There are 2 protein chains.
Amino acid sequence: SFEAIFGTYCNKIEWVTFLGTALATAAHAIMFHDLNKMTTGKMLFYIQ
Amino acid sequence: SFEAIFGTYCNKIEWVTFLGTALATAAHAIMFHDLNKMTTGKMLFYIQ
């Protein structure tokens, strides 16, 4: 008598990146490296 | 630390004219440079 362990079937997971998704169309993703120095980034708009 | 003002973004308003609009098809618009001297203005209609 015996047991017959069959194969360890590893699941390989789908890899997702931010830019491959369509939430990147809602974003404007920028790498900025001195961001741990900036407090609050200000956009100024000039509306006539 | 810093404050990080981003770029100033100016509005450019859609420059309309009177004749691009559809009010101009209700209009028969005429310049008359001596119009300030109009006391009145009239149109006589003779109807058979």
# chains A, B, ... in the order shown; residues from 1 in each chain; ligands from 1
call {"tool": "interface_residues", "arguments": {"of": "chain A", "to": "chain B", "cutoff": "10 Å", "atoms": "only C-alpha atoms", "output": "list in words"}}
result
residues 34, 35, 36, 37, 38, 39, 40, 41, 42, 43, 44, 45, 46, 47 and 48 of chain A
call {"tool": "calpha_fit_and_write", "arguments": {"fixed": "chain B", "moving": "chain A", "output": "PDB file with C-alpha atoms, in the first residue's frame"}}
result
ATOM      1  CA  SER A   1      12.544  71.454   3.193  1.00  0.00           C
ATOM      2  CA  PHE A   2      10.923  73.453   0.420  1.00  0.00           C
ATOM      3  CA  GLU A   3       7.618  74.151  -1.235  1.00  0.00           C
ATOM      4  CA  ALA A   4       7.505  73.197  -4.975  1.00  0.00           C
ATOM      5  CA  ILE A   5       5.493  75.924  -6.639  1.00  0.00           C
ATOM      6  CA  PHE A   6       4.410  74.422  -9.932  1.00  0.00           C
ATOM      7  CA  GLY A   7       3.595  76.140 -13.185  1.00  0.00           C
ATOM      8  CA  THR A   8       1.367  79.183 -13.534  1.00  0.00           C
ATOM      9  CA  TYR A   9      -1.282  77.750 -15.842  1.00  0.00           C
ATOM     10  CA  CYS A  10      -2.835  80.703 -17.632  1.00  0.00           C
ATOM     11  CA  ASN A  11      -6.301  80.240 -19.068  1.00  0.00           C
ATOM     12  CA  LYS A  12      -6.627  81.484 -22.642  1.00  0.00           C
ATOM     13  CA  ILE A  13     -10.239  82.324 -23.270  1.00  0.00           C
ATOM     14  CA  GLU A  14     -12.423  81.518 -26.264  1.00  0.00           C
ATOM     15  CA  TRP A  15     -12.835  84.620 -28.423  1.00  0.00           C
ATOM     16  CA  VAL A  16     -16.292  85.232 -29.855  1.00  0.00           C
ATOM     17  CA  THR A  17     -17.442  87.680 -32.494  1.00  0.00           C
ATOM     18  CA  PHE A  18     -21.018  88.699 -33.224  1.00  0.00           C
ATOM     19  CA  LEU A  19     -21.013  87.420 -36.796  1.00  0.00           C
ATOM     20  CA  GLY A  20     -19.518  84.023 -36.018  1.00  0.00           C
ATOM     21  CA  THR A  21     -22.466  83.268 -33.756  1.00  0.00           C
ATOM     22  CA  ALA A  22     -25.938  82.460 -35.064  1.00  0.00           C
ATOM     23  CA  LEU A  23     -27.543  85.517 -33.540  1.00  0.00           C
ATOM     24  CA  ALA A  24     -26.094  87.226 -36.605  1.00  0.00           C
ATOM     25  CA  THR A  25     -28.651  85.268 -38.597  1.00  0.00           C
ATOM     26  CA  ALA A  26     -31.295  87.041 -36.542  1.00  0.00           C
ATOM     27  CA  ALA A  27     -29.568  90.374 -37.121  1.00  0.00           C
ATOM     28  CA  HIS A  28     -28.775  92.407 -40.179  1.00  0.00           C
ATOM     29  CA  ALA A  29     -25.630  94.030 -38.805  1.00  0.00           C
ATOM     30  CA  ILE A  30     -24.585  97.238 -40.566  1.00  0.00           C
ATOM     31  CA  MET A  31     -21.734  99.581 -39.774  1.00  0.00           C
ATOM     32  CA  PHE A  32     -23.042 103.147 -40.010  1.00  0.00           C
ATOM     33  CA  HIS A  33     -20.882 106.036 -38.928  1.00  0.00           C
ATOM     34  CA  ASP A  34     -23.188 109.065 -38.615  1.00  0.00           C
ATOM     35  CA  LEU A  35     -25.363 107.240 -36.093  1.00  0.00           C
ATOM     36  CA  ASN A  36     -24.727 109.743 -33.303  1.00  0.00           C
ATOM     37  CA  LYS A  37     -26.575 112.231 -35.529  1.00  0.00           C
ATOM     38  CA  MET A  38     -29.686 110.200 -36.382  1.00  0.00           C
ATOM     39  CA  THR A  39     -32.573 110.418 -33.927  1.00  0.00           C
ATOM     40  CA  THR A  40     -34.987 107.617 -34.935  1.00  0.00           C
ATOM     41  CA  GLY A  41     -34.472 105.654 -38.145  1.00  0.00           C
ATOM     42  CA  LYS A  42     -37.771 105.180 -39.963  1.00  0.00           C
ATOM     43  CA  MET A  43     -38.685 102.338 -42.239  1.00  0.00           C
ATOM     44  CA  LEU A  44     -41.668 103.150 -44.448  1.00  0.00           C
ATOM     45  CA  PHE A  45     -43.649 100.184 -45.748  1.00  0.00           C
ATOM     46  CA  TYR A  46     -46.024 100.410 -48.696  1.00  0.00           C
ATOM     47  CA  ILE A  47     -48.634  97.696 -48.188  1.00  0.00           C
ATOM     48  CA  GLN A  48     -51.243  97.055 -50.865  1.00  0.00           C
TER      49      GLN A  48
END
call {"tool": "select_by_dssp", "arguments": {"residues": "chain A", "states": "helix (DSSP H, G or I)", "output": "PyMOL selection string"}}
result
chain A and resi 22-25
call {"tool": "write_last_selection", "arguments": {"atoms": "N, CA, C and O atoms", "output": "mmCIF file, in the first residue's frame"}}
result
data_model
loop_
_atom_site.group_PDB
_atom_site.id
_atom_site.type_symbol
_atom_site.label_atom_id
_atom_site.label_comp_id
_atom_site.auth_asym_id
_atom_site.auth_seq_id
_atom_site.Cartn_x
_atom_site.Cartn_y
_atom_site.Cartn_z
ATOM 1 N N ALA A 22 -5.374 51.023 -16.813
ATOM 2 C CA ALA A 22 -5.982 52.264 -17.275
ATOM 3 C C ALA A 22 -6.200 53.280 -16.169
ATOM 4 O O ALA A 22 -6.763 54.342 -16.433
ATOM 5 N N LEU A 23 -5.820 52.985 -14.930
ATOM 6 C CA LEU A 23 -5.798 54.085 -13.975
ATOM 7 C C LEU A 23 -4.648 55.034 -14.248
ATOM 8 O O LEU A 23 -4.685 56.178 -13.788
ATOM 9 N N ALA A 24 -3.645 54.592 -15.006
ATOM 10 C CA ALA A 24 -2.604 55.494 -15.467
ATOM 11 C C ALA A 24 -3.149 56.552 -16.418
ATOM 12 O O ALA A 24 -2.544 57.621 -16.554
ATOM 13 N N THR A 25 -4.275 56.287 -17.092
ATOM 14 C CA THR A 25 -4.850 57.372 -17.869
ATOM 15 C C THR A 25 -5.516 58.392 -16.970
ATOM 16 O O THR A 25 -5.637 59.544 -17.370
#
call {"tool": "select_by_dssp", "arguments": {"residues": "chain B", "states": "strand (DSSP E or B)", "output": "ChimeraX atom specification"}}
result
/B:2,5,9-10
